[PDB]
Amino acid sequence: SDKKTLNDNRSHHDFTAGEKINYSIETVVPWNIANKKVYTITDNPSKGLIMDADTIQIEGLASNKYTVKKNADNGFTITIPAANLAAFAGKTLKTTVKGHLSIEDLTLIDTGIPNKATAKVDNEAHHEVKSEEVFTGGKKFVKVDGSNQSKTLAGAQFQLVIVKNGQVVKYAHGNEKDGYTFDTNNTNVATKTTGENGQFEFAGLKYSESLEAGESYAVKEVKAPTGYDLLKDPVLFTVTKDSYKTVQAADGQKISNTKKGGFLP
C-alpha cells in the first residue's frame, strides 16, 4: 500500500528552520494503468513545512514524462499521463523529495509537523498517507540589570552564534521564516533587539543534543542597553523539547548586565 517516509535515522526528529528534510513517497501503480488517463500525486504539507518542488525525483521515470506544479499550500502536484506508466503496471512507484521548515506562526514551535500525500488514478483517490512528524525548538531570553534582576532593559542587541572550545566558531544568518545558515562569516548576523520589556528570542532551532560534538548555542551581545557595559563573553543556552512553548516571554532566561560610566559630550 502507499507510504510516505521521513528518512531520518535518529530517535528525535528536530530540525532547524531551512534545514533539508528527506522524504520518500511510495505509491501503487494499478495493473490496469494503461487503460486510464492520468496518475496524480498531491503533496499537502502541514503548516510550517514547505516542500521543495525542484527536488522531486521519481525512480525509473525521466523528468520529461511528468509535470510538477507548485501549489498554494506549499505542496505540489505531480501529473503523469497514464501511458507513461505502462511499464510500472502492478508495481510501486518511488518518489523522493526534500522539504524544510519555515515558521510564519510561532505557535508551531515545539509542535509535530507531518507531511501528507495522496495518489489518485483518474478520479479515484487512494487513502492519504502521512510521514512521521518533525519538530523545531527555540529559546526565550530577558535582558535585565545584574544588581536588580526585576529591571528589564531596552536597546540591547544580541547575535545567535555557536561556540566550541572556548571560541565563537559559527555565526547564524537568517531567521525562522527564511531559514538559518551557520558559517564562519561574522557579517549579516541574525540579531535581535530588546524593547522596554527586555524580551527577545530565537525560534526555529534544532535541539542542542543534535549539534556537533562540543558545540553549544550562545547569544553574543553586540550593543549594550543605555547606561550599561557591553558583555565580554557570549551567553550559553540549551534548546530541548518544549523549551520554547512552555515559558511566557517574560520568564525567558535572564541575562545580567552591569552599569557603566558615561562620557562627556
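For every residue, the number given is its place in the sequence shown, counted from 1.
Visitor: For the higher mean C-alpha B factor in the entry, choose 22 to 30 or 201 to 209.
Guide: Looking at the record's C-alpha B-factors, the answer is 22 to 30.
Visitor: Which has higher Cα B-factors on average according to the PDB entry: 88 to 96 or 160 to 168?
Guide: According to the PDB entry, the answer is 88 to 96.
Visitor: Could you tell me which one of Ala83, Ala119, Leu101, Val189 shows the highest CA temperature factor in the PDB record?
Guide: Reading the PDB entry, the winner on C-alpha B-factor is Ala83.
Visitor: Test of reading the entry: by CA B factor among the chain's modelled residues, which third contains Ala224?
Guide: Its C-alpha B-factor, which the entry lists for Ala224, ranks in the middle third among residues of this chain.
Visitor: Please place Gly48 in the lowest, middle or highest third of its chain according to the CA B-factor in the PDB entry.
Guide: For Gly48, whose C-alpha B-factor we compare with every modelled residue in the chain, the answer is the middle third.
Visitor: Considering every modelled residue of the chain and its Cα B-factor in the PDB entry, is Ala72 in the lowest, middle or highest third?
Guide: For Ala72, whose C-alpha B-factor we compare with every modelled residue in the chain, the answer is the highest third.
Visitor: Quick check on the deposited entry: does the C-alpha B-factor of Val239 sit in the lowest, middle or highest third of its chain?
Guide: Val239: CA B-factor falls in the lowest third of its chain.
Visitor: Quick check on the deposited entry: does the C-alpha B-factor of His173 sit in the lowest, middle or highest third of its chain?
Guide: Within its chain, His173 is a lowest-third residue by C-alpha B-factor, going by the deposited values.
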